[PDB]
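A.B. asks:
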Amino acid sequence: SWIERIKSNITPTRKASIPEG
Amino acid sequence: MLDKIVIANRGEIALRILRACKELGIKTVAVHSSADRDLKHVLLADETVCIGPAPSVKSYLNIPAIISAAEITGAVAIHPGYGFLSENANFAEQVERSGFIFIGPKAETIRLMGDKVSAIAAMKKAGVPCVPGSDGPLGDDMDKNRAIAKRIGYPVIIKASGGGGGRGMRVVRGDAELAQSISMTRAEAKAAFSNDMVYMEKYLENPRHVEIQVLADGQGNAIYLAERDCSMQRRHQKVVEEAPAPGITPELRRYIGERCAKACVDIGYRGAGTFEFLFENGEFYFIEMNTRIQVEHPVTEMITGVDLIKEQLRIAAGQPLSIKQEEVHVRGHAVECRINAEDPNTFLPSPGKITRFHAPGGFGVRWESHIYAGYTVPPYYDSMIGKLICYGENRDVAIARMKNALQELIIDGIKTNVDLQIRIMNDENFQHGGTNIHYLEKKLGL
Amino acid sequence: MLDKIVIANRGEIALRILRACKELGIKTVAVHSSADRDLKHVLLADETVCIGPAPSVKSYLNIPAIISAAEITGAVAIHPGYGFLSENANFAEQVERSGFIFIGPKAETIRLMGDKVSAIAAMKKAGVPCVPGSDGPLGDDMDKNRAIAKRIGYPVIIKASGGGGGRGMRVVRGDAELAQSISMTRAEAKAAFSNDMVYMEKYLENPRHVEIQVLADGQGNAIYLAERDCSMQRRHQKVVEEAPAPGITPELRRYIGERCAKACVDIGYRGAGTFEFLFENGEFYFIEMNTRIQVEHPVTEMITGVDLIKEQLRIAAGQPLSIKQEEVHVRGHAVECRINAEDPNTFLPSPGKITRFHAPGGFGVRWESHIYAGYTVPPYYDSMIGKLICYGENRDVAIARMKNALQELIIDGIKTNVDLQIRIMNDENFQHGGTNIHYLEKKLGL
Amino acid sequence: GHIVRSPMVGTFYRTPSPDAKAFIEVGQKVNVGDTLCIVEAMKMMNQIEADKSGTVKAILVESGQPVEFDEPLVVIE
Amino acid sequence: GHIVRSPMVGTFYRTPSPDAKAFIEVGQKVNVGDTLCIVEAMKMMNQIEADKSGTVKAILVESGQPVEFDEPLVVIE
Ligand SMILES: Nc1ncnc2c1ncn2[C@@H]1O[C@H](COP(=O)(O)OP(=O)(O)O)[C@@H](O)[C@H]1O
Ligand SMILES: Nc1ncnc2c1ncn2[C@@H]1O[C@H](COP(=O)(O)OP(=O)(O)O)[C@@H](O)[C@H]1O
Ligand SMILES: *C(=O)CCCC[C@@H]1SC[C@@H]2NC(=O)N[C@@H]21
Ligand SMILES: *C(=O)CCCC[C@@H]1SC[C@@H]2NC(=O)N[C@@H]21
Ligand SMILES: [Mg+2]
Ligand SMILES: [Mg+2]
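Residue numbers (the deposited numbering), protein chains in the order written: chain I, 2 to 22; chain G, 1 to 446; chain C, 1 to 446; chain B, 80 to 156; chain F, 80 to 156.
1. Name the DSSP bridge partner or partners of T274 of chain C?
2. Answer yes or no: the CB of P145 of chain B versus the heavy atoms of ligand 3, is any distance below 7 Å?
3. Give me, in chain order, the residues of the same chain whose beta-carbon lies closer than 6 Å to that of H209 of chain C; leave out the 5 immediate sequence neighbours on both sides.
4. Which stretch, first to last residue, makes up the beta strand (DSSP E) that contains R111 of chain G?
5. For a minimum of 4 consecutive residues, which ranges assigned as the alpha helix (DSSP H) are wholly contained in the region 283-370 of chain G?
6. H358 of chain C and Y372 of chain G: beta carbons closer than 8 Å?
7. Taking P64 of chain G as the query, report the chain F residues whose CB atoms sit under 9 Å from its CB, ordered along the chain.
8. Ignore the nearest five residues each way along the sequence and tell me which others in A75 of chain C's own chain have a CB closer than 7 Å to its CB.
9. Name, going along the chain, the residues of the region 71-86 of chain C whose beta-carbon falls closer than 9 Å to a beta-carbon of chain B.
10. Quick one: which chain G residues come within Cβ less than 8 Å of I7 of chain I?
11. Taking 8 Å as the cut-off, decide whether the C-beta atoms of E336 of chain G and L388 of chain G are in contact.
12. Tell me the residue span of the beta strand (DSSP E) that contains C390 of chain G.
13. State yes or no: is the beta carbon of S56 of chain G nearer than 8 Å to at least one beta carbon in chain F?
14. What residues match up with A222 of chain C in a beta bridge as DSSP calls it?
15. Tell me where the beta strand (DSSP E) around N426 of chain C begins and ends.
16. What did DSSP end up calling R186 of chain G once you bin it into helix, strand or coil?
17. Answer with yes or no whether the minimum CB distance from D130 of chain F to chain G is below 8 Å.
18. My output table needs one value for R19 of chain G: the three-state DSSP class, helix, strand or coil.
19. Using a Cβ-Cβ cut-off of 8 Å, state whether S98 of chain G counts as contacting chain I.
20. Can you tell me whether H432 of chain G is buried or exposed? The criterion is at least 16 other CB atoms within 10 Å of its CB, across all chains shown.
21. Residue range of the alpha helix (DSSP H) that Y439 of chain C falls in?
22. Taking just the CA atoms, how far does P378 of chain C sit from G352 of chain C?
23. Check the Cβ-Cβ distances between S369 of chain C and every residue of chain G, and say whether any is below 8 Å.
24. Report whether the distance from the Cβ of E276 of chain G to the nearest heavy atom of ligand 1 is below 7 Å.
25. Could you tell me whether any non-hydrogen atom of ligand 3 is closer than 7 Å to the CB of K122 of chain B?
26. Does the separation of the CB atoms of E119 of chain F and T90 of chain F fall below 8 Å?
27. Is it buried or exposed, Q407 of chain G, if we count other Cβ atoms within 10 angstroms and call 16 or more buried?
28. Does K22 of chain C have its Cβ less than 8 Å from a Cβ in chain G?
29. For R97 of chain C, report the span of its alpha helix (DSSP H) as first-last.
30. What are the partner residues of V109 of chain F, as DSSP defines its beta bridges?
31. I'd like the list of long-range same chain contacts for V365 of chain C, defined as Cβ closer than 7 Å, with 5 residues on each side in sequence excluded.
32. Taking only heavy atoms of ligand 2 into account, decide whether any of them is closer than 7 Å to the Cβ of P155 of chain C.
33. Can you list the residues of chain B that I101 of chain C reaches, using a CB-CB cut of under 8 Å?
34. Based on Cα-Cα distance, which residue from G:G163, G:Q312 and G:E177 lies nearest to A189 of chain G?
35. Using the three-state DSSP reduction, which class does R151 of chain C fall into: helix, strand or coil?
36. Quick one: is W3 of chain I buried, meaning 16 or more other Cβ sit within 10 Å of its Cβ, or exposed?
This is the structure we're talking about:
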């Protein structure tokens, strides 16, 4: 079932740029 | 298309957005607090990020945390749902700074419509009728204030410009309590919204809260999808919402809707919004606009067949409107009932574990909620735990279906306001339709 | 309307009838066995009467018991639903003679259409094409039998006239085993339905089971409501239905619908019935007609918007059809999945208590079932515990909605065919559509 | 003790006639072969025979009240 | 079994610079307060100080791995 779910860690290789300013 | 989006909310709207995403094949990131790890959408989301401790000021109102979750998960949009930061212009511009897509209107649009003093002016400029009132913010010129009150006519209501949720409103009957009422309204506004500005408006005593739903893509197109009738309110907080509004003829419906669409075009609106009007004597009187998906929007979905959240996602993705005005057809009548978790005789929230739960089914019954048997309702957030929308070919069938589906619903372990909904459904005047905004408090009488 | 009616059934259909009765202001009498005192419709019904012990042959098939229950409670109608006594002409005639309206067709029409040979003859008379076959009951003239088989072309199938539920059917490839297959099928029919009459029909290897829904009031009026493609079957039992059938252009729809409506008018049909067919090369070949509301009627209800059971109740009361043929519009696409309490691999029933249960919900998802947390599925009856219908503006939206809803459903304490339904949903060919009636069995790769 | 229950569905009567004496009464005991009550179904007045002899402790139903299958009628101690 | 948990959502880094030395390693202990690791969010490198003096029992998250609020970072004693 979806109640007995174990959190799986995020994929590290995911980049989203944020402006320096 | 959007590669991935962050559902910066919780509860029922989070489930709605997650389910629309799943339908459209969009990857979902469900940001939650440390007490929301148990939410149904959190357990059904692809990726989950704990963004803060239990309190809302530290978890869901934390813009940096939500932006960081979007950044680490590599998302491209953020859906605020309703509540929290949905109508926050700072959130809009701060999300748009960092290269993320804000599923909703522009920051300037939220700023303009976010304060009623400016929204009323814009609507009057656009030809949308507005309630006669102060026509500007209230100052300390008491002589001018009393002259304006005499001109508009008593009774009068003082409404905070940044007010929301029904709070920060005081009804004044005469000059005796005008100054004290203004002072207390300003104090409450300072303590709640960090904005002490207030304005005075005429206090209609027999209106019907009728609101228009409009979809705009921000490219010169805008449509209106029927209306609603939220006249069943308690303390200005809606309880039963239905669409289309009884007694609103197609001529009046089109007359108000086309003007609302033109007004949307005027301000270059984007996404899904909602204009709130007071209906009296066949004349609409604008009061405010909601620059976000509305809590009661499922009623508009069940009569037009148009999924509003998927429309929001498509509009955010850049696609223009795929629905023409002539293609919108109202077929039926939907009635919604908000199921809160509170003491029915004291309207105080009642957190606690839900031991038993059985949602109703049937043909034309929609149950929109995140709860399940064994779900511990947290005390930190609002009391709403679900919505129940029933649809039929006419109002009577919808009401009968609602009455059936309210008995079939079981929620044990917490004090919930289901019996209040059952007794509202059985009320004869409600079955007649067209009741006014003050009817429910009169019925309860206390 | 009908003052009161008796729901001589159990399970999902009993709830469908109870809810339709409640919406119409009709009192309900829920007759149940001794093992069905915890059924949802029994606990929600106005009155409850125990008609016999646990076995079906003593409680739900005991016509005198149901008549007695209708008599003591002062009922004025009896609704059989589907299965049990829905297609029992003896039940119809006895109920009508005792002085209670039978909600369904006349006894004569049940007798006429139940006999598949007479049904095929009447269809040929009325202009409905039929599968080439014996054109009559099988005799002892083996020479004539083999001559006909050679003329039509092998393979051939032997089907019991009074057969039902997918049993009493045998496929013959050549003349070698024709006689033995016929004899054993006759013996099986004697054992099951107490009727050894059998007939031979041509066996189409790549058909698509398409069925038309017809509503006729018995006063010279009859309409057709789209179709349903029940191709996805295993062991001659449907698993996934959908409506309207993919690839059936509106021209063919109007063609077959007009023919079926004319046939209903000619044979004086009354109530709601279904005309099954086999589709191939753009030509339909009648096989049988169901003189009762079908298990998969919700898809038709959801695409056409016509509540079929309420229409049945209105027709039984004598009211003429208020829906014209031009007013029936198909808008969208509905996909239904049957949820059974059985081993997904051994397809054997798995009775037992349901420890937890959380039904799916959301926009455009109907969950029609009678189970709840703590319900003990008895072993004496069929293995179906609910139906799950999902509707969308097209086939792809409906299938995505179905995938979400199946992922969201929890049923523990028994073994349920939910994973099989998910697998069918994920099949690429099913998503493309147009699969033949034998696709599912071949999908198992055995 | 032993509870005799209706074997069918129908109206419960204790007097075989509108104005006559009851088949049995509370108190007075009964034997294995005896009729205790009437369960009318489709104007076919049926009779109920117990299986254990003993003293009739109480009659749990009243005349004219419809009963159902497996409905307790009379308890004999 | 003291656990120090990340105070913000971001990427977990060991070395303050991509080509520098690690802040800590299993074995070598840490005092009551000192830098222990780095979490970067929206740029703006943030250094996670330590609260308990003790031995670094273990470090559970590698460099470059995203961490959420109250993510178990290290175990000390
Ligand atoms: N001018 C008015 N006259 C009468 N009732 C009003 C007026 N303004 C607001 N109300 C009542 O308060 C409700 C909420 O008003 P609104 O301005 O939308 O405040 P909020 O921001 O708290 O929702 C309305 O639906 C209506 O019932
Ligand atoms: N002549 C035929 N050729 C091919 N398949 C058939 C034929 N007759 C029946 N079937 C298969 O069996 C299924 C059930 O047939 P039907 O006559 O409706 O029997 P039942 O009374 O058991 O439902 C059909 O949907 C079809 O898939
Ligand atoms: C047929 O129309 C029903 C008539 C019921 C007659 C019976 S005789 C025993 C019961 N006593 C009485 O007064 N009426 C019942
Ligand atoms: C921001 O622009 C993304 C990368 C910034 C450089 C930093 S130095 C520490 C991290 N290690 C690495 O290789 N890149 C990150
Ligand atoms: Mg409002
Ligand atoms: Mg069939």
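Even for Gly, the Cβ is constructed at its ideal location relative to N, Cα and C.
C.D. replies: On the basis of the supplied data:
1. Secondary-structure assignment with DSSP links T274 of chain C through a beta bridge to C:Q213 and C:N290.
2. Proximity of the beta carbon of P145 of chain B to ligand 3 is not indicated: no heavy atom of the ligand is located closer than 7 Å.
3. Contacts found: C230, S231 and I437.
4. Note, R111 of chain G: premise wrong, no beta strand (DSSP E); alpha helix (DSSP H) at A107 to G114.
5. Runs of the alpha helix (DSSP H) inside the region 283-370 of chain G: 298-304 and 308-317.
6. Taking 8 Å as the cut-off, the Cβ atoms of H358 of chain C and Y372 of chain G count as close.
7. Near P64 of chain G (Cβ distances below 9 Å), the residues of chain F are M87, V88, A120 and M121.
8. Same-chain partners within the cutoff: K4, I5, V6, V29 and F100.
9. Taking a C-beta cut-off of 9 Å against chain B, the contacting residues of the region 71-86 of chain C are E71, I72 and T73, listed in chain order.
10. Taking a Cβ-Cβ threshold of 8 Å, none of the residues of chain G is close to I7 of chain I; the smallest such distance is about 10 Å.
11. In contact: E336 of chain G and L388 of chain G (Cβ atoms closer than 8 Å).
12. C390 of chain G: member of the beta strand (DSSP E) spanning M384 to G392, first to last residue.
13. No Cβ of chain F is located within less than 8 Å of the beta carbon of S56 of chain G.
14. Bridge partners of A222 of chain C: C:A216.
15. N426 of chain C -> not in any beta strand (DSSP E); alpha helix (DSSP H) instead, spanning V418 to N426.
16. Helix at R186 of chain G.
17. It does not: the Cβ of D130 of chain F has no partner Cβ on chain G nearer than 8 Å.
18. DSSP places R19 of chain G in the helix class (H, G or I) of the three-state scheme.
19. The Cβ of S98 of chain G sits closer than 8 Å to at least one Cβ of chain I.
20. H432 of chain G counts as exposed, since fewer than 16 other C-beta atoms from the protein chains shown sit within 10 angstroms of its C-beta.
21. First-last of the alpha helix (DSSP H) with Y439 of chain C: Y439 to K443.
22. Within the model, the alpha-carbon separation for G352 of chain C versus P378 of chain C is close to 7 Å.
23. Yes, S369 of chain C counts as interfacial toward chain G.
24. Under cutoff, so the answer is yes.
25. Under cutoff, so the answer is yes.
26. With contacts defined by Cβ atoms closer than 8 Å, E119 of chain F and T90 of chain F form a contacting pair.
27. By the beta-carbon neighbour count (other beta carbons within 10 angstroms, threshold 16), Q407 of chain G is exposed.
28. Using a Cβ-Cβ cut-off of 8 Å, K22 of chain C counts as an interface residue toward chain G, since at least one Cβ of chain G sits closer than that to its own.
29. Run containing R97 of chain C: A89 to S98, per the alpha helix (DSSP H) assignment.
30. BP columns for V109 of chain F point to F:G133.
31. Take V365 of chain C, set aside five residues on each side of it, and the residues of its chain with a beta-carbon closer than 7 Å to its own are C390, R401 and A405, in chain order.
32. No, since every heavy atom of ligand 2 falls outside the 7 Å radius drawn around the Cβ of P155 of chain C.
33. Correct list: empty, because the minimum Cβ distance to chain B is about 18 Å.
34. Taking only the C-alpha atoms, the option nearest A189 of chain G is G:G163.
35. It is helical.
36. The residue is exposed, with fewer than 16 neighbouring Cβ atoms inside 10 Å.
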